[PDB]
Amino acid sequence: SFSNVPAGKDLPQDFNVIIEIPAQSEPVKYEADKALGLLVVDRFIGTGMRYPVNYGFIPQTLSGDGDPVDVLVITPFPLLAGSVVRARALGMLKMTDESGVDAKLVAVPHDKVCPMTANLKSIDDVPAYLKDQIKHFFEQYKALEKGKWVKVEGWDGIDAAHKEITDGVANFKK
């Protein structure tokens, strides 16, 4: 299943995201097992906080931590966990957590998939209130797990997102 989905139709700018956690879903952290082809319950989020936007990963990528490249996808209605969405990048949130460096991309679907998000061209177009909510979420969601923490370094734009994607694709192929 998950293992055979292409990273994208035209990398890095035209990529695929497998959804693990729908926006506003009850506070349960699922992670795709690429060796089982199934979503696995990683943990019940200690704080009870919910992802403000959809969360998933790009298949066939391997990030700095040995996990696939992480992606937040903004949509007008939550997406189904375990579904695939063709997406494009807006930018990224840079952070470090208990396991070291942690960048997450911020994306929207392809314009023909989601006309509603077509006018979001870069991270600067995302409403400030949403940006602020995403940043608060990552700063606070691990507050009640011993040994876990997050510091947000800052936002970066589309070119940085594309580097992260090209690196991830390369690293995965070895």
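For every residue, the number given is its place in the sequence shown, counted from 1. C-alpha atoms forming the largest set that superposes within 1.5 Å between two forms make up the rigid core.
Visitor: So if we fit everything on the core, which stretch drifts more in 5 other deposited structures of this protein, 69-77 or 95-103, C-alphas only?
Guide: Checking 69-77 against 95-103 in 5 other deposited structures of this protein, I find the farther stretch is 95-103.
Visitor: Fitting on the rigid core only, I'd like to know which of the two stretches, 21-29 or 5-13, ends up farther away in Cα terms in 5 other deposited structures of this protein.
Guide: Between 21-29 and 5-13, the one lying farther away in 5 other deposited structures of this protein is 21-29.
Visitor: On average, which has the higher Cα B-factor in the deposited entry, 144-152 or 128-136?
Guide: Mean C-alpha B-factor is greater for 144-152.
Visitor: Pick between 103-111 and 33-41: the one whose mean CA B-factor in the entry is higher.
Guide: Comparing 103-111 with 33-41, the higher mean C-alpha B-factor belongs to 33-41.
Visitor: According to the deposited entry, which of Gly48, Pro52, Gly66, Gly56 has the largest Cα B-factor?
Guide: It is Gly66.
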